[PDB]
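Below, in C-alpha cells: the form deposited in one PDB entry, a single chain.
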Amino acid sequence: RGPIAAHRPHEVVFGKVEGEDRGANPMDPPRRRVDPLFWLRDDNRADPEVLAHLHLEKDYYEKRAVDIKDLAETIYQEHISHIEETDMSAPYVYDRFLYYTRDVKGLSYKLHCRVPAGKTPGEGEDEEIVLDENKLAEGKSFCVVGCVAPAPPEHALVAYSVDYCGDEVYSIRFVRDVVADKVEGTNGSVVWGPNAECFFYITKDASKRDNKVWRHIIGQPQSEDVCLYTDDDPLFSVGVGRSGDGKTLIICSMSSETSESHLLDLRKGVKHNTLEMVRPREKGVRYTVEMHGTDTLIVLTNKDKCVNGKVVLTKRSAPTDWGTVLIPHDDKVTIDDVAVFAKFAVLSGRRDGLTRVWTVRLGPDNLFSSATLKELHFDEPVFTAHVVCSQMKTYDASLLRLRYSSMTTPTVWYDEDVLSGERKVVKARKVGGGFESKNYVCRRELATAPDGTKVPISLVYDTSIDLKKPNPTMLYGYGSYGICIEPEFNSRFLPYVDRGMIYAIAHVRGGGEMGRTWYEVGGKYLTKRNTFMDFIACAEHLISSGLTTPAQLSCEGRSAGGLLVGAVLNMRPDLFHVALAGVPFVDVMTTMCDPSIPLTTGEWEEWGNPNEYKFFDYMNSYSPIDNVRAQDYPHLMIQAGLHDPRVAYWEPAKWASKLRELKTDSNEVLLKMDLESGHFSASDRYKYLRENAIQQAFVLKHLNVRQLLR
C-alpha cells in the first residue's frame, strides 16, 4: 500500500470568530467540523512528526519511481535537445544601451548583459555582464531574481531582488555592491525615481499580502524609508508603476472586482509625498490608468456595465470626468490592458477566443484619434500574440515588440512599425532534436456542456497518427482567475506528441478564452462548478467522437488547475487512466475559511468565502479533499513544494493521504515533495527539466506508450 497519516482530532470553525477577521458578514453562531489531518500544517515548516511523515512519502515515492528513471532519462535528453542551451534573447533599446539575456551550455542561470547603443549584441568586448545569476546562486539550494532594475539616464547603479527559499519575499541589493543599500521583505518589484536618487518598492504583510508602497532614498537605512500608501482592506493588494515620460508614479489597489489609483509627481523630488486620488473605489468598478505626458489620463475600465472594457480619456485636473470615450465597449471584444507611448497606444485583448492586439494613433490635432484604430494582422488562423512590454523601454519609440507563437510554429519575437506595418524578425526560436512544424497540425473542436454551451478544445498531434481509431491523449486544464491557457508553442509537450499522443487544452469557463464573461458569469462564485463540468464535457466529446477512450486518456492541471484535477477525479474518475496535479489547490474549505493562509482574503472574491451562508454549501460540493470517497481513482502523481507561498505544502499532503485512505482501487498515488523549492519551481535550473521528465515518464508509463514515431 502507501503512506496514510494519523488522525488527530482538531475542530475547524466556519463563521464568526472573535479576534479574527472572517469577512464583512460571517455565520453566527458559527459551524464546526473535524479535520483529522489538520496537524500536517506547520507554519514554521519544522515539525519533526510532519517532516517525518514527509520522509515516509519521499521513501514511498522513490521506491515507486525506480522503473521510470530510465524513461525519464530518454526524455530529459529530448527536452535538452529541444531547448537550445547556448542562447541570446531578443535585445532591446533601453536608453543608451541594448539590453539582452544570455544562456551558456553548462550553466543553470541566465546572465543579464548590456551593449552600448550603437554596437552589436553578443559576448564580446562591448558587452558588460550586468548580473550573473550563477554567481548569485553559488552553493545554494534555491535562487530566483525578481527584478533587474538599472537607474534611468545613466545605468550606473543597477539594483536587483532575490529570493533564496522561494516563499517569495525579496531583498533588494545592488550589483557589485557599488552601494551598500539593502531592502528586506519586498514583493520583488523595484521602480526608479529620477536621477538614481531613490526608488520604490512594496512590502508584504500579515499572511504575505502586498499592502504597502514605500520610497527608498540612496544613502539611507531602510529604517528611514517613507511609506506612501497602505491599503488595510484584506481584499486588496497594492501595485506600483512609472509613467511613460517617467514624471508620474502610479499607485493602485486591486481587489478582484474593484480598483483605485493615485498619482505622485516625480518632478518635485524626494521629499514630496502627497498623492492625488484618481477615482475613489466603487465596489464592482475596476479600472487601470496610463499617462500621456503629464496631464492626459487614459483609463481602461469596466464602469457603466462595460464588462469587456472601454478606454476613456480624461484630464489630471478633472480625473472623474469620463464622458470622453476613445474606444467604446464591444460585446465580442475584451480589452485586457493598454500600453501608452508618446505617439500611440497598444491595446492587448481578445476576440473569437484568441489573443488580439490593436494600435491607436494621435490625430493631426495631437490628441488620440478613435478613427486610427488598427487591428494587427497575423498569419495562422489559431495563434497566440502578446506585446512584450518588458522590452518597450522607450517612450518616444516607433517600433513595437511582439512575441508570436502557435502550437505548430516555434516562438518569434519581432519589431513592427506602428505606422508602416512592416515586421522584422528580432529573434526566432530554434528547436533541435530533428523537430519540424510540418510534422504537426493543430485544429479546434467544440464540446457540449450539459447546459448547451460550446466549450472550445485546442489540440495538436503528429500528422501521421491514424485518426480512424482512438489514440492515447492528454487533456490539460486551468481555468480560474480569467486566465487563458493559450494555444502557443511549447516544447514541453513534444515528448507526448512525438509518441503518437494527442495533446489537448480544454478551454473551460473560469478561463477568459471567450471573453471576460467566460470568467465572471461562467466560472466563479456560485457558478464555479462549470469549471469542472465543462472539463468533463470536453473529455466525453473526445471519447464519443472517437479520438480517445478513457483507458488511453490522461489529464493534467497545476495550481488552480490542480483544483480542477481534484474535483474532476472526485466526480468522473472513470474518465481517466492517469493524472498529474502539480502544486494543487485542493483543501478548499479549510484554507478558504482561514484569513492567515497567504492567499485566502484576496480569493474571498474568487471562489467565495465559506465563513458565509451564501458560500459554505456550494464550495463544499466541489472541495476536493472534502469530496474524496470510497471508489476507484486512477494512477496519480502529485508534485508539491515546501516553501510554496501560494498553495501550501500541506494541501496536497492531506489529499494524498486521504486518497490512499479511502480509495478502493489499487493504482498509485505518488506525491513528490521538493523540500527545496516553492510554487513555480520544481526548480530554477536544468533540474526543472529533470522534475518535468518524471511527470511525463509516470504518465507515458501508465499509458503504455514509449516509442517515438521517427
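Numbers for residues come from their place in the sequence shown, where the first is 1.
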Practice item. Can you let me know which of the two, 29-37 or 645-653, has the higher average C-alpha B-factor in the entry? Key: 29-37
Review point. Between 8-16 and 692-700, which has the larger average Cα B-factor in the PDB entry?
Key: 8-16
Revision key, fill the gap. Based on the PDB entry, the highest CA temperature factor among the options 168, 379, 451, 513 is that of 379
Exercise for review: Report the option among 635, 204, 242, 361 whose CA atom has the maximum B-factor in the deposited record.
Suggested key: 361
Revision key, fill the gap. Assert third(CA B-factor, residue 476) within chain per record equals lowest
Review point. So where's residue 148 on the chain's Cα temperature factor ranking, which third?
Key: middle
Review point. Thinking about Cα B factors across the chain, which third does residue 96 belong to?
Key: highest
Check your understanding: Sorting the chain's CA B-factors, does residue 269 end up in the lowest, middle or highest third?
Key -> highest
Practice item. State the tercile, meaning the lowest, middle or highest third, of residue 257 with respect to the CA B-factors recorded for its chain. Key: lowest
